[PDB]
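Structure record follows, encoded as structure tokens.
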Amino acid sequence: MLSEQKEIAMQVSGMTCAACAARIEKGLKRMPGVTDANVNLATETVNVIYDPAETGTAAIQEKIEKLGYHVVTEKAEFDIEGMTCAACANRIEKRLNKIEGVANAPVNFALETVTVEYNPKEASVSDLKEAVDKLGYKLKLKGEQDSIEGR
């Protein structure tokens, strides 16, 4: 058929790893797009499968948050050395959006940066580099230190 269900696989904390996990998945099953909703509590990874045209990764996280939990997901800033024709940025946004355990990925055309809002346990910079390398651009970190070199 048509439709292209995404998977989002992210780490959530606060789980008792029984009723809590089940409460999340059941609560998320309230949503229409939520085609399936699973929680590999053994590895503390919430994996939710839904259409990106009803629900929205942001609402998924919001529902987890409203359930009284927190996602181990961080807004890491990156710099981009590929865009120009306002096209690569759009594609990279729509990619980075949900590589695996990415909640969000807004791009800036002011400083040619991307904030990647993702789970650094499930994925890591190397994946980002390898992905963008596949898109055929080069991806830089915004400092990744802020002059914190000591010895």
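Labeling convention for the structure tokens: chains A, B, ... as they appear, residues from 1 per chain, ligands from 1 in order of appearance.
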
Worksheet item: Could you name the residues that touch residue 49 in chain A at 9 Å or less, counting only C-alpha atoms, but leaving out those on the same chain fewer than 2 positions away, as an NGL selection string?
Response: :A and (5-9 or 33-38 or 47 or 51)

Discussion item. Set the distance at 8 Å and use only C-alpha atoms: which residues neighbour range 135-143 of chain A once local chain neighbours fewer than 3 positions away are removed? I'd like the list as a PyMOL selection string.
Written reply: chain A and resi 77-83+92+113+128-129+131-132+146-147

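Among the candidates A:116, A:41, A:17, A:4, the residue lying nearest to residue 75 in chain A is A:116 (atoms considered: only C-alpha atoms).
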
Discussion item. Let's see if you can do this: from backbone DSSP, list all helix (DSSP H, G or I) residues in range 58-151 of chain A, as a PyMOL selection string.
Written reply: chain A and resi 58-66+88-96+125-135

Worksheet item: Do you know which residues are at most 10 Å from range 21-23 of chain A counting only C-alpha atoms, after dropping those on the same chain fewer than 3 positions away, and could you put them as a ChimeraX atom specification?
Response: /A:12-18,26-29,37-41,44-46,64,67,69

Residues just named, written with C-alpha atoms as an mmCIF file, in the first residue's frame:
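Output file result.cif is given in full below:
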```cif
data_model
loop_
_atom_site.group_PDB
_atom_site.id
_atom_site.type_symbol
_atom_site.label_atom_id
_atom_site.label_comp_id
_atom_site.auth_asym_id
_atom_site.auth_seq_id
_atom_site.Cartn_x
_atom_site.Cartn_y
_atom_site.Cartn_z
ATOM 1 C CA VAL A 12 13.563 7.193 28.239
ATOM 2 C CA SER A 13 14.244 7.336 32.016
ATOM 3 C CA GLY A 14 12.023 7.108 35.115
ATOM 4 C CA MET A 15 10.708 3.706 33.979
ATOM 5 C CA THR A 16 10.035 1.096 36.677
ATOM 6 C CA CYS A 17 10.296 -1.165 33.568
ATOM 7 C CA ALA A 18 6.870 -2.784 33.923
ATOM 8 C CA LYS A 26 -0.710 2.255 25.958
ATOM 9 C CA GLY A 27 -0.891 6.067 26.334
ATOM 10 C CA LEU A 28 0.917 6.498 22.998
ATOM 11 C CA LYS A 29 -1.481 3.936 21.390
ATOM 12 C CA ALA A 37 4.475 1.233 20.225
ATOM 13 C CA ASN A 38 7.107 -0.896 21.978
ATOM 14 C CA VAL A 39 9.589 -0.470 24.799
ATOM 15 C CA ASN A 40 12.653 -2.664 24.991
ATOM 16 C CA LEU A 41 12.760 -2.036 28.753
ATOM 17 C CA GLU A 44 15.510 0.950 28.361
ATOM 18 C CA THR A 45 14.760 1.893 24.712
ATOM 19 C CA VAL A 46 11.280 3.163 23.778
ATOM 20 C CA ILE A 64 6.142 10.623 27.187
ATOM 21 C CA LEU A 67 3.236 10.683 31.255
ATOM 22 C CA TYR A 69 9.109 10.671 32.257
#
```

Item to complete: Tell me, as a ChimeraX atom specification, which residues lie within 12 Å of residue 123 in chain A, counting only C-alpha atoms; anything in the same chain fewer than 5 positions away does not count.
Response: /A:8-11,72-74,96,98-103,116-118,128-131

Could you save those same residues with N, CA and C atoms as a PDB file, in the first residue's frame?
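Generated output (part03.pdb):
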```
ATOM      1  N   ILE A   8      10.819   5.422  15.563  1.00  0.00           N
ATOM      2  CA  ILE A   8      11.692   6.295  16.326  1.00  0.00           C
ATOM      3  C   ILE A   8      12.171   5.462  17.512  1.00  0.00           C
ATOM      4  N   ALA A   9      13.486   5.319  17.729  1.00  0.00           N
ATOM      5  CA  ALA A   9      14.020   4.503  18.816  1.00  0.00           C
ATOM      6  C   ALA A   9      14.861   5.393  19.726  1.00  0.00           C
ATOM      7  N   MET A  10      14.382   5.676  20.940  1.00  0.00           N
ATOM      8  CA  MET A  10      14.999   6.624  21.862  1.00  0.00           C
ATOM      9  C   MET A  10      15.034   6.012  23.271  1.00  0.00           C
ATOM     10  N   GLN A  11      15.939   6.481  24.132  1.00  0.00           N
ATOM     11  CA  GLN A  11      16.036   6.075  25.530  1.00  0.00           C
ATOM     12  C   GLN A  11      15.234   7.035  26.411  1.00  0.00           C
ATOM     13  N   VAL A  72      16.354  10.859  27.150  1.00  0.00           N
ATOM     14  CA  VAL A  72      17.782  11.141  27.279  1.00  0.00           C
ATOM     15  C   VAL A  72      18.267  11.707  25.940  1.00  0.00           C
ATOM     16  N   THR A  73      17.681  12.828  25.522  1.00  0.00           N
ATOM     17  CA  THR A  73      17.817  13.381  24.179  1.00  0.00           C
ATOM     18  C   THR A  73      18.341  14.812  24.312  1.00  0.00           C
ATOM     19  N   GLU A  74      19.390  15.162  23.556  1.00  0.00           N
ATOM     20  CA  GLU A  74      20.103  16.425  23.701  1.00  0.00           C
ATOM     21  C   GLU A  74      20.200  17.162  22.369  1.00  0.00           C
ATOM     22  N   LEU A  96      17.955  14.096   8.822  1.00  0.00           N
ATOM     23  CA  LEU A  96      18.379  14.183  10.214  1.00  0.00           C
ATOM     24  C   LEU A  96      17.178  14.091  11.152  1.00  0.00           C
ATOM     25  N   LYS A  98      14.826  12.175  11.492  1.00  0.00           N
ATOM     26  CA  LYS A  98      14.602  10.870  12.096  1.00  0.00           C
ATOM     27  C   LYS A  98      15.578   9.824  11.547  1.00  0.00           C
ATOM     28  N   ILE A  99      16.883  10.030  11.740  1.00  0.00           N
ATOM     29  CA  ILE A  99      17.861   9.022  11.328  1.00  0.00           C
ATOM     30  C   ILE A  99      17.632   7.703  12.082  1.00  0.00           C
ATOM     31  N   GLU A 100      17.493   7.756  13.414  1.00  0.00           N
ATOM     32  CA  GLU A 100      17.145   6.585  14.221  1.00  0.00           C
ATOM     33  C   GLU A 100      16.493   7.018  15.539  1.00  0.00           C
ATOM     34  N   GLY A 101      17.284   7.698  16.373  1.00  0.00           N
ATOM     35  CA  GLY A 101      16.881   8.178  17.686  1.00  0.00           C
ATOM     36  C   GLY A 101      17.043   9.686  17.755  1.00  0.00           C
ATOM     37  N   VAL A 102      16.563  10.363  16.711  1.00  0.00           N
ATOM     38  CA  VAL A 102      16.540  11.810  16.617  1.00  0.00           C
ATOM     39  C   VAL A 102      15.114  12.255  16.891  1.00  0.00           C
ATOM     40  N   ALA A 103      14.932  13.124  17.881  1.00  0.00           N
ATOM     41  CA  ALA A 103      13.640  13.714  18.151  1.00  0.00           C
ATOM     42  C   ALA A 103      13.378  14.825  17.138  1.00  0.00           C
ATOM     43  N   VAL A 116      20.935  19.153  16.057  1.00  0.00           N
ATOM     44  CA  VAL A 116      20.457  17.779  16.016  1.00  0.00           C
ATOM     45  C   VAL A 116      20.045  17.417  17.444  1.00  0.00           C
ATOM     46  N   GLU A 117      18.748  17.176  17.638  1.00  0.00           N
ATOM     47  CA  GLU A 117      18.131  16.923  18.927  1.00  0.00           C
ATOM     48  C   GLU A 117      17.910  15.416  18.997  1.00  0.00           C
ATOM     49  N   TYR A 118      18.889  14.679  19.534  1.00  0.00           N
ATOM     50  CA  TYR A 118      18.925  13.226  19.408  1.00  0.00           C
ATOM     51  C   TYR A 118      19.507  12.550  20.640  1.00  0.00           C
ATOM     52  N   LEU A 128      26.133  10.388  12.265  1.00  0.00           N
ATOM     53  CA  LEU A 128      25.746  11.637  11.631  1.00  0.00           C
ATOM     54  C   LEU A 128      26.671  11.928  10.455  1.00  0.00           C
ATOM     55  N   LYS A 129      27.979  11.868  10.711  1.00  0.00           N
ATOM     56  CA  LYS A 129      28.986  12.029   9.682  1.00  0.00           C
ATOM     57  C   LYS A 129      28.732  11.021   8.559  1.00  0.00           C
ATOM     58  N   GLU A 130      28.657   9.726   8.870  1.00  0.00           N
ATOM     59  CA  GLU A 130      28.424   8.693   7.865  1.00  0.00           C
ATOM     60  C   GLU A 130      27.136   8.927   7.061  1.00  0.00           C
ATOM     61  N   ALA A 131      26.068   9.391   7.707  1.00  0.00           N
ATOM     62  CA  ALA A 131      24.807   9.694   7.053  1.00  0.00           C
ATOM     63  C   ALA A 131      24.992  10.858   6.079  1.00  0.00           C
TER      64      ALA A 131
END
```

Discussion item. Between CA of residue 125 in chain A and CA of residue 91 in chain A, what distance in Å does the model show, to one decimal?
Written reply: 18.3 Å

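Contact shell of residue 85 in chain A at 12 Å (only C-alpha atoms; same-chain neighbours under 4 positions omitted): residues 89, 90, 91, 109 and 112 of chain A.
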
Atoms to include: C-alpha atoms. Write the selected residues as a compact mmCIF listing (two decimals), in the first residue's frame.
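Result file follows (out-v2.txt):
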```
# COMPACT_ATOMS: atom_id res chain seq x y z
CA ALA A 89 19.67 22.09 4.03
CA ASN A 90 16.05 21.08 3.36
CA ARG A 91 17.05 17.50 2.51
CA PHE A 109 20.24 29.40 7.13
CA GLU A 112 24.54 27.39 8.14
```

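One finds CA of residue 1 in chain A at 15.8 Å from CA of residue 53 in chain A.
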
Discussion item. Give me, as a count of residues only, the residues of range 9-151 of chain A that a backbone DSSP run labels strand (DSSP E).
Written reply: 39

Response to the item:
Nearest to residue 71 in chain A, restricted to only C-alpha atoms and choosing among A:150, A:19, A:84, A:121, comes out as A:121

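Taking CA of residue 65 in chain A and CA of residue 25 in chain A as endpoints, the distance between them is 12.7 Å.
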
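With only C-alpha atoms as the atoms that count, the residue of A:48, A:2, A:86, A:148 with the shortest distance to residue 110 in chain A is A:86.
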